Each structure stands twice: as structure tokens, then as C-alpha cells.
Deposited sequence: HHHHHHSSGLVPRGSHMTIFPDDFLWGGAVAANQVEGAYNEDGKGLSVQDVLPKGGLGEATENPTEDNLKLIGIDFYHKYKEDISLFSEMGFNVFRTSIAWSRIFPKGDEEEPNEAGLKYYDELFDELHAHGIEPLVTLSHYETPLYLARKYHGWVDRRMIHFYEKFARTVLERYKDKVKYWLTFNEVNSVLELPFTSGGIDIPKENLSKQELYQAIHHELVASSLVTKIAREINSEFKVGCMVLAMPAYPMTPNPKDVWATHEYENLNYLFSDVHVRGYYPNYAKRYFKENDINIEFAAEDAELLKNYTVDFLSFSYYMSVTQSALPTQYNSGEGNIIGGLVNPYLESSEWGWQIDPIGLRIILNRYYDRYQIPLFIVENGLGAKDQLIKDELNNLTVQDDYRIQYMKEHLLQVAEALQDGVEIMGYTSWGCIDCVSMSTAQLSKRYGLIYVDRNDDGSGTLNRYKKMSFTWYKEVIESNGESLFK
């Protein structure tokens, strides 16, 4: 078979996008609880009722039924985040919140009960609001300690229940979304490249430090980074556009180069110099970065981009989704190869999927469902490209479909753009029964997993 026998098939969410129960069992407020309009929207002074993340999909209470569905599809892996504000409500507590730790104990146990391995993102846009408001988030080096305290607590607690960990979901998303991403509550107009890059530096050092701690705790742990995969193509063979495209890709490669190689790459100096960025290193930083680099690289992949040296563009060769995003399955094979060529370490595709406004409708069998042939087609083409990449010799640990049960979106905090194999009946206004339904893609994907990919051909 093309797919390895140990290949991990699954789905992925973030805690804040599903759990709800934002006020329960001593959970402190996160940044997401003041973001009713999502990452692109403004923050409220206090949580408001129209914020869908308060309730989410109520995964916090519904996880056993949900996990039953995951199990019927045959997942051997499930990616989620541990919500930081559940373990350390303010973030500065001397002791963890035991009800939080107990909750995740139960979650993981339930997963293992069905033969499903947890894959845990330590920080996924969940920063305790107190830390954000008090320290302005990651612009403050004190965040490292807080994060360390968080990580250790959970690494130790779950050390026999969780093999796979991710430190940060895209450290560099701090650049576009300082608040959601870095818990930085200073207005974007007031943030220099210097402050943003310094904040990302603190994240990278924390990632390394936590990698060290992890390895001391359990030598069986696998610790990955998580970055945005976006292969870039030149609009034309004009060498000026080829070079523009290279330079564009370096923006992203900088952070993965730190994660994997353990030092700021050769081209950083120039860029920093041209952008007035000078990273302030604490004396321990270089050695932490160099000595503790990631075991694997995980990434989100949605689309490619086309670049030009002209004072990117719309690729005329790509189809677009009903929602208006272009679609590029070959770009997945391309970026898998680019990353592998560059780093020679295992890769994990941890976010991929097709968003659409699915409509729940009774099929001719009387079952309420979503006829999403579009999602089946997207997943199929992408996974065939994954198969090509496996044959190219790229090491790929697995694939977790993004928002495998419909979740609240990160960017807008809406439910109507749906990624899931499982439809959840709850709407943008908060209404609905919260019942779950299998989409047609549920059955197809079940088939792919149970055949370990052979059904793709």
C-alpha cells in the first residue's frame, strides 16, 4: 500500500472553537471570550452573549457522543488544544486548576477507549485574558515562564496519555493577528516590526524550552512545530518574478528555519536590517534554540499563492470554491516536497479542509444529512496528492481533517462556513438544537480510513 500502516488518520479542532463552557469549573477568560467577531474583529471589554465561543458546540459536555462518531469513522488520531485558561485561569497561579486537569484526563481516556491517540496543541490562540491585559501578551518575556509552567504541568500530567505535542499554532500568525495570536492587546497601528518579531522570538524560545522539558519528562514524546504552508509560484519565468517569489517564501521560512534548524537563517540579517528589526537575545536563548529543535513539522494547508516583482495575483489555472477561495491540490504535493527537501524530517498535515455553507437536508432515505460531494472531491484530490508525496519519499505521519465536527471559525467566529464531516445544528445567531448529523463525506472518509487510503484509487 501507498500509505504506511502506521499512518495517522483523523480530525482536528481547537478547544476554544468547540468546547464552550467558558465559565465552568473555574476556567478563566481567554482572549477568545472577548472576540465575538473573531480574529479579524475588535475585542469587547467583557464577554458578550453574541460570542458563539461561549457555548461553542458544547463539546465540553458532548465529547463522548462526538468521540463515538469519530470512532465510527475510524479515527486513530484526534487533534485538539488544551485550553490554557482551564489549567491556569489567570495564568499566574502557583498551582494548576485541578478540575481542568481532570477534564482533560477524562477526554483523553475516552479517546484511548476507542483506540484514538490524542494530538495536543499546547497553545492555540487561547491565551488567558489576564496575561494579555496585564502583560500585553507575548511582547513581554515573562510570558515564557507562564507558558513553561503551563506546559510542564500538562506534559507531566498527561505523560502516559499523550504521545504527540505541538508547541504553538503558527508562531508567526502574531504578525497579522497580534491579539488573537500573541495575546497582544496593543493596537496594531502602534506595533512596530520590532515588537512583533520580539514577541515571536519569545514564542520560539518558549517552544525550545518546552521541548527540553518534554524530553526530560518522557523520551517517547514527539514534539512538532506548527506552521502555515503556502507554496508560492512566479507569475512568469521573468527572473525578477522568480526572485520575488523566493523572497516572499522567506517570510514564512524564517520561523520554520528557527523551529527546525535552531538558529535565525542567513537571510534574516538582511531582512531585519532593512526592516529595523533587532532581536534582543537573553543569554540562554541561542543555546536553547540550537539544542532543542522540533522532532517534526506540522502545517495547515489551504492554497498556493502567485507572486510577482510588479509594483499575489489571481492564478488563472486554479478552480475556486463556492465560498470564493481558489483550490490547489497539486500545491500540497509541492509544499510537502519543498519542506521535506529543506528539512528532511517527518511532516504532519494537521489542518486541511473545504469550508462551505452546508445545508442540512433530508436525503431520499429520509435521513437528514449534507450532500457534500464537493468536500469529498476536495479531500480526495488532496489525499491523492499526499499519496504522490509519499511515493516521492516524503515522510508523512498523518492527516487530520480541519474542523472534523463543525466548529466556530477563528477569523470571523461564525458557524455557517462549515468544514466538518459532522454537521452540528447551531447557527451564526446561536440558535438550533446542537444535534449532530453525518454528512455524506462522513461515510466516504470512513471508507478512506478503514482502507488506509486504498479506496482513493
| item | value |
| --- | --- |
| Coordinate gaps, deposited numbering | 1-17, 329-340, 487 |
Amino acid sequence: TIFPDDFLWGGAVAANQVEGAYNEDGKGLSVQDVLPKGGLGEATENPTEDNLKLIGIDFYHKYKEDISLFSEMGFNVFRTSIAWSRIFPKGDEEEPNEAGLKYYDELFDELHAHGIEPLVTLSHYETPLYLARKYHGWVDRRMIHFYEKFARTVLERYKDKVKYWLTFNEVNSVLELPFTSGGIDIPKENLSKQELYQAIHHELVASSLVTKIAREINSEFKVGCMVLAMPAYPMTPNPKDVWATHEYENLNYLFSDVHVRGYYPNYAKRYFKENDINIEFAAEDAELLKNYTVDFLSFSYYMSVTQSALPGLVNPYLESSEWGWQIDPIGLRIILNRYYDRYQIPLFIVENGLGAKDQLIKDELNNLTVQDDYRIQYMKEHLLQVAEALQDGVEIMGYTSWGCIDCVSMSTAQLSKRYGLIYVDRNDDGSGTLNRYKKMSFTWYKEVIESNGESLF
From here on, numbers count along this sequence of modelled residues.
| item | value |
| --- | --- |
| Stretch with the greater mean C-alpha B-factor as recorded in the entry, comparing 333-341 against 129-137 | 129-137 |
| Mean C-alpha B-factor comparison - 219-227 and 275-283, higher one | 275-283 |
| Residue with maximal Cα B-factor (values as given in the PDB entry) among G353, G74, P346, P239 | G74 |
| Criterion, highest CA B-factor; candidates, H124, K188, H382, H201 | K188 |
| Chain thirds of CA B-factor: placement of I422 | middle |
| Assigned third (lowest, middle, highest) for the C-alpha B factor of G398 | lowest |
| Chain-wide C-alpha B factor ranking for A21, given as lowest, middle or highest third | highest |
| Where the record places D363 (Cα B-factor, split into thirds across the chain) | highest |
| Record-listed C-alpha B factor of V31: chain third | middle |
